[PDB]
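In: Here is the sequence, then the experimental structure:
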Amino acid sequence: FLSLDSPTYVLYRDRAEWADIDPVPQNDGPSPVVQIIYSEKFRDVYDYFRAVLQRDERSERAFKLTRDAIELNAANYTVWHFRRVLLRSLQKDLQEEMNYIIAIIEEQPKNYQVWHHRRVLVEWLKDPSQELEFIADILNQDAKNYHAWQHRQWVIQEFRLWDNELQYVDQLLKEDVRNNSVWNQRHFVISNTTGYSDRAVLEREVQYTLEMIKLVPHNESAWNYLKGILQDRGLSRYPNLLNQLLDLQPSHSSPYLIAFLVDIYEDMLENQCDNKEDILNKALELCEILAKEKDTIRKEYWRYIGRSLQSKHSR
Amino acid sequence: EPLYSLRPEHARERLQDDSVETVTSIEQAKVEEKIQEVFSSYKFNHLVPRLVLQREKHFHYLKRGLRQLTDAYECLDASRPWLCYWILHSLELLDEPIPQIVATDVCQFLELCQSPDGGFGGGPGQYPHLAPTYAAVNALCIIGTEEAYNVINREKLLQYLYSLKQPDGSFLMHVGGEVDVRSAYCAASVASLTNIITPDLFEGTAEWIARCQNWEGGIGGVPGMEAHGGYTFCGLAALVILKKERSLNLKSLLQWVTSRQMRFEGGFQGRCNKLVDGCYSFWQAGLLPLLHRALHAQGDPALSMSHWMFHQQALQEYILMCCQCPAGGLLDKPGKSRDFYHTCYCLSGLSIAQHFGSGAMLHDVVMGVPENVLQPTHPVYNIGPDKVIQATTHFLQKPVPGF
Ligand SMILES: COc1ccc(S(=O)(=O)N2Cc3cc(C#N)ccc3N(Cc3cncn3C)C[C@H]2Cc2ccccc2)cc1
Ligand SMILES: CC(C)=CCC/C(C)=C/CC/C(C)=C/COP(=O)(O)OP(=O)(O)O
Ligand SMILES: [Zn+2]
């Protein structure tokens, strides 16, 4: 009811409602360290929060006080804990609480507690119906919010809400094809619905990545995706792949291409392929083009890649 | 000659946006544009670059913070033992000793943060949580005086830790919280330093951690999540501690981290296609001293005996040029505000980048003036390798207390 931002806001110590209760100052000790110089407002709420906590006062006033205490430090998991104790004791309408948390996440979407609190409510209500639209709204303002992806994954799994998600992916990939959270989600769906070790989809997938990597050749996300959906079968079980990259070395070159070309030769070599001693060259080479010219930030990586090979593919 | 970032070849490592502008590309260009301004300022001002770690300024910053923080830090009011940790580690890194005085006041403070039922909360009378438990234990070890060790209730701590262990290997962050890779690491870190590990305590835990390794190479916060910087550290460091380094695809991981260093800026990003940030100087780059001990303990004879598998020099250049506040303290990236978090992790990452160790072989790479060298840091606990010795040695003088 009385907002922390209100010009009318009044300190709890000045409130009639609160006279019977004595604030509990923080027990910081005789000679404090990392003592925070709280605003009088912060100090006041938390002095009273401590009072309602130590007394374990299950009241409508303790409930409202959690709201302010949260607004002032939403990372305070002791307050959130007490708030949920209060939602349950006071038998608070959980949709109204769900409305509240919508609003708070909207204001502090990077806070972990706030998402945690929303999961709990969703689980209490056993109702996912507002989530995807809600999460979509947070993603519309920061499309790589980790917690928002983590809550989406959780929702989708726990209540099996897969059916329109790859559609969400595509939407978002087309907004920003560089968003690694959306590539990651693409992979989350597919591997949780149809699959990759399928033969027919591994192939609309492998397909589509190459078509993005043509549009944006220096998009690391696609390359990691393409690499992602093949590396565990073996990149060398797809021989057309090699030739098809070796098309774009003149026109669409990148360190990612060369970097990828190298992963193939390792796989190729690891299986006895044709030209073991020969292939070992095209790669060892490529490691030095990378370490010395096109990808020097990784010289220590590449010098080691050119050489773990020697270690194992020598003689 | 002599700074990597200032070389004319370096103009090339700028972002090619393919002609295809997205949010991701626009925001990286903004950052690169700022970073280029920093790199270029020496040329434009016509001075010789000289990279200097503003030790004394950082030291006054941390000295004062260790006692008093502005209401800027109201948002960290449930993270007070983290503040103790960050500040006391940065000071140990800067080789600034802790007065027996302050040691004892950290001690009594953390006692106050200690829960009756075990663990530490984020400040006095706050319920316990694993994150501030970790911080507390580390800060106690940094101090390393018997008084500091005696604060920790190992029986209770072992009880608390069981209260958080789940069926499938994972650990809750706190009672009626949820699981996350961070919590297995906090559990594994504190369990070992204090010796309260039991055979069944981490039973399940490595395989839960390997479930978090995704198709990208890195580890995400829970199964199915995108790979992310500090969560990857937590998983590997958790495994290293348990000795299950086994369970990951270390090559896929090695390869994910290494791709995280930004070719232009020199620092690390936490996630693919996101921005550089100095704190990943520790979380991302601190993976290599772990991947070293691991790829070594699995016989990899192609491993370097002089250098870690990241560009040590460019990382130092990023940190030293782009992440220092003149008034002391360090930052995420230029234009951001100092904080004790970024001070701790930029410095811890600076140390890593400076010190290669490997069984026998110790080799340093110190950009700038020789005075820039920090004290070494243990890449598992991120405290001094000495404070670790002196801690575990002690807590083996005690038997694993069960419940
Ligand atoms: C910048 O306003 C904020 C933002 C968030 C937080 S936080 O969520 O409570 N916390 C600790 C943290 C502490 C400080 C300090 N002093 C600064 C940042 C920061 N972040 C956020 C951050 C750091 N690098 C970039 N980003 C965006 C990490 C976070 C989580 C964390 C806790 C413990 C160990 C590792 C990580 C606090 C203040
Ligand atoms: C022991 C313990 C509890 C360790 C925690 C380690 C951890 C989670 C580190 C990363 C912190 C960080 C910079 C988060 C930012 O997420 P973001 O999505 O805003 O940042 P991004 O853009 O870099 O990915
Ligand atoms: Zn940071």
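Out: All right, it came through fine. Numbers count the residues shown, from 1 in each chain, chains lettered A, B, ... in the order given. Ligands and ions are numbered 1, 2, ... in the order given.
In: How many residues are close by whatever residue of the stretch 101-250 of chain A ends up closest to ligand 2?
Out: For the stretch 101-250 of chain A, the residue closest to ligand 2 is residue A:146, as judged by CB to the nearest ligand atom, at 4.6 Å. Quick note: C-beta positions are derived from backbone N, CA and C, even for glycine. By the criterion of other CB atoms under 10 Å in any protein chain shown, residue A:146 has 21 neighbours.
In: Now it. Nearest residue, chain neighbours left out?
Out: Nearest residue to residue A:146, sequence neighbours excluded (CB to CB, 6 or more residues apart in numbering or on different chains): residue B:228, at 6.7 Å.
In: which SS class is residue A:305?
Out: Three-state assignment for residue A:305 (DSSP: H, G, I helix; E, B strand; the rest coil): helix.
In: Pull out the buried positions in stretch A:20-29.
Out: A:21, A:23, A:24, A:26, A:28 (16 or more other CB atoms under 10 Å in any protein chain shown).
In: Closest residue of the stretch 51-200 of chain A to chain B?
Out: Here the stretch 51-200 of chain A gets closest to chain B at one residue, residue A:178, 3.6 Å apart by CB to the nearest CB.
In: For the stretch 51-200 of chain A, just list every one of the strands.
Out: Under the criterion DSSP state E, counting those that start in this stretch, the stretch 51-200 of chain A contains no strands.
In: Now it against ligand 1: closest residue?
Out: Closest point on the stretch 51-200 of chain A to ligand 1, by CB to the nearest ligand atom, is residue A:75, at 5.1 Å.
In: I figured that residue hits residue B:73, correct?
Out: No. Proximity of residue A:75 to residue B:73 does not meet the contact threshold set by CB atoms under 8 Å, at 11.4 Å.
In: Surely the residue of the stretch 51-200 of chain A closest to chain B and residue B:271 touch.
Out: No. Under the criterion of CB under 8 Å, residue A:178 makes no contact with residue B:271, lying 11.6 Å away.
In: Neighbour count: these two, which is higher?
Out: Using other CB under 10 Å as the criterion, residue A:178 and residue B:271 rank with residue A:178 on top: 27 against 22.
In: How about that one: what's its closest non-neighbour residue?
Out: Using CB to CB, 6+ apart, the closest residue to residue A:178 is residue B:24 (3.6 Å).
In: name the helices or strands packed onto the host helix or strand of that neighbour?
Out: Residue B:24 belongs to helix B:23-45 when assigned by DSSP states H and E. Where contact means 3 or more CB pairs under 8 Å, 6 or more residues apart in numbering or on different chains; DSSP states H and E, helix B:23-45 is packed against helix B:312-322.
In: what does the helix it packs on contact?
Out: A:297, B:3-5, B:35, B:38-39, B:49, B:51-53, B:261, B:265-268, B:276, B:278, B:281, B:285, B:330, B:333-334, B:346, B:349-350, B:353-354, B:356, B:365-368, B:372 (CB atoms under 8 Å, 6 or more residues apart in numbering or on different chains).
In: Check stretch B:362-369 too.
Out: B:3, B:50-53, B:305-307, B:312-313, B:316-317, B:320, B:353-356, B:372-373.
In: Take those and keep only those in strands.
Out: Using DSSP state E, the subset of the contacts of stretch B:362-369 located in strands is B:355, B:356.
In: Share the number of residues neighbouring residue 295, please.
Out: If you meant another chain, say so; for now it's chain A. Residue A:295 has 22 nearby residues by other CB under 10 Å.
In: if you could check chain B rather than the one you did, that'd help
Out: 21.
In: In this structure it contacts residue B:253, no?
Out: No. Counting by CB under 8 Å, residue B:253 is not a contact partner of residue B:295; they are 10.1 Å apart.
In: residues contacting residue 296?
Out: In the absence of a named chain, chain A is used. B:263, B:311.
In: that's the wrong chain, I meant chain B
Out: So residue B:296 contacts B:303, B:358, B:359 (CB under 8 Å, 6+ apart).
In: Residue B:1 now?
Out: residue B:7.
In: element containing the residue in the stretch 1-150 of chain B positioned nearest to ligand 3?
Out: Closest approach between the stretch 1-150 of chain B and ligand 3, counting by CB to the ion: residue B:86, at 12.1 Å. Residue B:86 belongs to helix B:80-93 when elements are defined using DSSP H and E.
In: can that helix be found next to ligand 2?
Out: No. On the criterion CB under 6 Å from any ligand atom, helix B:80-93 is out of touch with ligand 2, staying 8.6 Å away.
In: So for that helix, what gets flagged as buried?
Out: For helix B:80-93, by 16+ other CB under 10 Å, it's B:80-93.
In: Which residues are in contact with the residue of the stretch 1-150 of chain B found nearest ligand 1?
Out: Per CB to the nearest ligand atom, residue B:75 is where the stretch 1-150 of chain B lies closest to ligand 1, at 5.0 Å. Applying CB under 8 Å, 6+ apart, we find residue B:75 in contact with A:73, A:75.
In: for the one 4 residues further on, same thing?
Out: Contacts here follow CB under 8 Å, 6+ apart; on that basis residue B:79 touches A:75, B:122, B:131, B:132, B:135.
In: for residue A:266, helix, strand, or coil?
Out: Classified using three-state DSSP, residue A:266 is helix.
In: which parts of the stretch 51-200 of chain B sit against ligand 2?
Out: Checking the stretch 51-200 of chain B against ligand 2 by CB under 6 Å from any ligand atom, the hits are B:131, B:134, B:182, B:185, B:186.
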